[PDB]
Every structure is written in C-alpha cells, then in structure tokens.
Visitor: 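Before I ask anything, let me first share the structure, which is written out below as structure tokens.
Lettering of chains follows the sequences in order, A, B, ..., and the numbering in each one begins at 1. When reading the values below, keep in mind they use all heavy atoms of this one structure, side chains included, and skip hydrogens, waters and symmetry mates.
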Amino acid sequence: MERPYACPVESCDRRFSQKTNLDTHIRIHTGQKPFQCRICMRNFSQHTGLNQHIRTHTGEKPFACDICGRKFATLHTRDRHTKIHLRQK
DNA sequence: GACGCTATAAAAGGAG
DNA sequence: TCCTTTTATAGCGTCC
Ligand SMILES: [Zn+2]
Ligand SMILES: [Zn+2]
Ligand SMILES: [Zn+2]
C-alpha cells in the first residue's frame, strides 16, 4: 500500500501516503482552519497557508528570480515569473 | 501580460 | 508513529 489513507467522502475519494496529509485534506471538507494570523486574526487550513499570508503583512519576499534578481512573496509566483524571460509578449 | 494571493497536494524533518 | 515544516502545483482576480 503506497497510499493507504483514503478520503471518507464518497465524491472526493483522494488518497494519501501519510495520515497527516489525510487529516489536513479532510479539513477542506469540514472547513476547519486551525492556523491563525496574529495580525488580522484570519484563519487558514494549513501551516503554509498562514505562512504565505503573514508575508502580505510583513512585506517579506524570500523568493528571488535567477534571471533578473527580482523578489516575490511566494514560491509559485516566483517560479511562474521566471518563465516570462523565455518568451516574447 | 503579469503578478498578488489563496488553496491545496506532496513530501520531508524531528523526536519518542 | 505522531506532529511540525517545507516544497510543489493550480487557479483566481485584478491591474497594466
Ligand atoms: Zn476529500
Ligand atoms: Zn493576517
Ligand atoms: Zn526575472
């Protein structure tokens, strides 16, 4: 069994290797958000959801682009940006 | 075009 | 293992 943990929701039925990931996933169904932003008090489903958000307050931009050295708050925004240097408008 | 941001999935770290 | 963190992937929505 590579992914022994299955989602209880008949409709969804997503599979996971670690039980942690299954519990975290189930939260999207129940709508429970255990991670709270201490500035605006908003709630998030994940550790990363909260971390991505704290940066909107702090203005921290950890991710730099290799080509132009421009900074971004999140990983995806940075990765997606780099692709523009490989094409025209 | 570009990118700020939220969501969510996949994986890894660390301690008992 | 269980719990904490980290990395990856998808879109949305809006301004340019
Ligand atoms: Zn599910
Ligand atoms: Zn906040
Ligand atoms: Zn760049």
Side-chain angles (χ1 to χ4, degrees):
Chain A
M1 272 288 91
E2 192 195 34
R3 309 202 307 274
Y5 302 97
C7 182
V9 177
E10 119 83 47
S11 161
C12 170
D13 207 70
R14 167 84 69 166
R15 243 163 235 49
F16 307 90
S17 308
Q18 310 182 28
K19 178 184 172 294
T20 310
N21 296 338
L22 171 66
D23 304 321
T24 295
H25 167 72
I26 290 178
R27 275 193 238 107
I28 78 167
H29 287 297
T30 57
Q32 291 169 12
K33 302 174 186 182
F35 297 81
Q36 182 188 50
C37 174
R38 273 291 140 153
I39 312 309
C40 72
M41 309 308 277
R42 189 183 178 194
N43 299 304
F44 300 86
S45 57
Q46 294 193 14
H47 189 279
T48 290
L50 173 65
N51 272 3
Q52 288 180 157
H53 175 86
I54 290 173
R55 296 176 200 143
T56 70
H57 288 308
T58 66
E60 192 206 1
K61 299 188 171 188
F63 314 85
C65 171
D66 284 344
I67 321 294
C68 66
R70 185 185 154 147
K71 282 67 179 186
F72 304 92
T74 67
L75 176 63
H76 188 51
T77 302
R78 195 282 309 282
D79 295 335
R80 186 179 53 198
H81 158 85
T82 300
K83 305 178 184 304
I84 68 174
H85 298 286
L86 316 171
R87 64 171 170 235
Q88 293 302 316
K89 285 254 187 175

Visitor: If the cut-off is 4.0 Å, is A:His47 near the phosphate of C:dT5, judged by side-chain N/O to OP1 or OP2?
Guide: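 So the side-chain polar atoms of A:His47 do come within 4.0 Å of the phosphate oxygens OP1 or OP2 of C:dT5, strictly under.
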Visitor: At under 4.0 Å, does any side-chain N or O of A:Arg70 touch on OP1 or OP2 of B:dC3?
Guide: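 True: A:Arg70 side-chain N/O within range (under 4.0 Å) of B:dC3 OP1/OP2.
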Visitor: Using only side-chain N and O atoms of A:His53, determine if any of them is under 4.0 Å from OP1 or OP2 of B:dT6.
Guide: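 True: A:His53 side-chain N/O within range (under 4.0 Å) of B:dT6 OP1/OP2.
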Visitor: Please report, rounded to the nearest Å, how far the P atom of B:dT6 is from the CG atom of A:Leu75.
Guide: 15 Å
Visitor: Just the rounded figure in Å: distance from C1' of B:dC3 to NZ of A:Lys71.
Guide: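 Going from A:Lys71 (NZ) to B:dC3 (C1'), I get 17 Å.
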Visitor: Is it true that, when you exclude A:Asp66 itself, more than 12 heavy atoms of the residues, nucleotides or ligands shown sit nearer than 6.0 Å to its CG?
Guide: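 Open: at most 12 neighbouring heavy atoms sit under 6.0 Å from CG of A:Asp66.
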Visitor: Check whether any side-chain nitrogen or oxygen of A:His25 sits under 4.0 Å from OP1 or OP2 of B:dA9, and answer yes or no.
Guide: yes
Visitor: Base, sugar-phosphate, or nothing for A:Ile28, non-hydrogen atoms under 4.0 angstrom?
Guide: sugar-phosphate
Visitor: Quickly work out the A:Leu50 CG to C:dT6 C1' distance and round it to whole Å.
Guide: 14 Å
Visitor: Grab the CG-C1' distance between A:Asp23 and C:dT5 for me, whole Å please.
Guide: 16 Å
Visitor: Please answer whether the main-chain N or O of A:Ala64 pairs with a side-chain N or O of A:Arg78 as donor and acceptor at a distance below 3.5 Å.
Guide: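 Confirmed, A:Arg78 side chain pairs with A:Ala64 backbone.
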Visitor: Which of residues 79-89 of chain A sit near DNA chain B, with a heavy atom under 4.0 Å from it?
Guide: A:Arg80, A:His81, A:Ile84, A:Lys89
Visitor: A side-chain contact here means heavy atoms from C-beta on lying under 4.5 Å apart; do A:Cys7 and A:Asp13 qualify?
Guide: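 A side-chain contact under 4.5 Å is absent here.
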Visitor: Can a donor-acceptor pair be found between the side chains of A:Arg55 and A:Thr58 at a distance below 3.5 Å?
Guide: no
Visitor: B:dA9 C1' sits how many Å from A:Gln52 CD, rounded?
Guide: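 Atom-to-atom, A:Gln52 to B:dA9, this comes out as 12 Å.
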Visitor: From A:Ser45 OG over to A:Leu50 CG, what is the distance, rounded to the nearest 0.5 angstrom?
Guide: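 A:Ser45 OG to A:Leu50 CG: 10.0 Å, rounded to 0.5 Å.
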Visitor: Is a donor on one side and an acceptor on the other found under 3.5 Å between the side chain of A:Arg27 and the backbone of A:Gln32?
Guide: no
Visitor: If every non-hydrogen atom of A:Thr74 is compared with every non-hydrogen atom of A:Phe63, which pair is closest and at what distance?
Guide: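 Closest heavy-atom pair between A:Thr74 and A:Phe63: C-CD1, 3.5 Å.
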Visitor: Can you tell which of C:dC2, C:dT6, B:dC5 lies closest to the side chain of A:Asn51?
Guide: C:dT6
Visitor: With rounding to the nearest 0.5 angstrom, report the CZ to CD distance, A:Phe44 to A:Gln52.
Guide: 9.0 Å
Visitor: Base, sugar-phosphate, or nothing: which does A:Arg27 touch, judged by heavy atoms less than 4.0 Å apart?
Guide: nothing
Visitor: Starting at OH of A:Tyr5 and ending at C1' of C:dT1, how long is that distance when rounded to a whole Å?
Guide: 9 Å
Visitor: Looking at the base of B:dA10, is there any donor atom on it, or on the side chain of A:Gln18, that sits under 3.5 Å from an acceptor on the other one?
Guide: no
Visitor: Where is the tightest heavy-atom contact between A:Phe72 and A:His81, given as atom of each residue plus distance?
Guide: CZ-CG, 3.2 Å
Visitor: Ignoring the backbone of A:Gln46, work out which of B:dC5, B:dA11, B:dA9 is nearest its side chain.
Guide: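 The answer is B:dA9, which lies nearest to the side chain.
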Visitor: Please classify the nucleic acid contact of A:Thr48 as base, sugar-phosphate, or nothing, using heavy-atom distances under 4.0 Å.
Guide: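 Base contact - A:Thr48 has a heavy atom under 4.0 Å of at least one base atom.
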Visitor: For A:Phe35 and B:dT8, give me the distance from atom CZ to atom P, rounded to whole Å.
Guide: 14 Å
Visitor: Identify the stems formed by DNA chain B, where each pair is Watson-Crick or G-U wobble with both distances under 3.5 angstrom and a stem is at least 3 consecutive pairs.
Guide: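 For DNA chain B the paired stretches long enough to count as stems (3 pairs minimum) are B:1-9 with C:7-15, B:11-15 with C:1-5.
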Visitor: Could you state the CD-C1' distance from A:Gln36 to B:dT6, rounded to the nearest angstrom?
Guide: 17 Å
Visitor: From A:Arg42 CZ over to A:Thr56 OG1, what is the distance, rounded to the nearest 0.5 angstrom?
Guide: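 A:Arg42 atom CZ to A:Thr56 atom OG1 measures 9.0 Å (nearest 0.5 Å).
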